[PDB]
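*Asks:* Before I ask anything, let me first share the structure, which is written out below as structure tokens.
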Amino acid sequence: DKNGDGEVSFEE
């Protein structure tokens, strides 16, 4: 998240 996927892509 926040980057784990893409700038929080996950938590985005």
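Labels for the structure tokens follow display order: chains A, B, ..., residues from 1 in each chain, ligands from 1.
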Which neighbours of residue A:12 fall inside 7 Å, counting only C-alpha atoms, when residues of the same chain fewer than 3 positions from it are skipped, and could you give them as an MDAnalysis selection string?

*Replies:* chainID A and resid 2 8:9
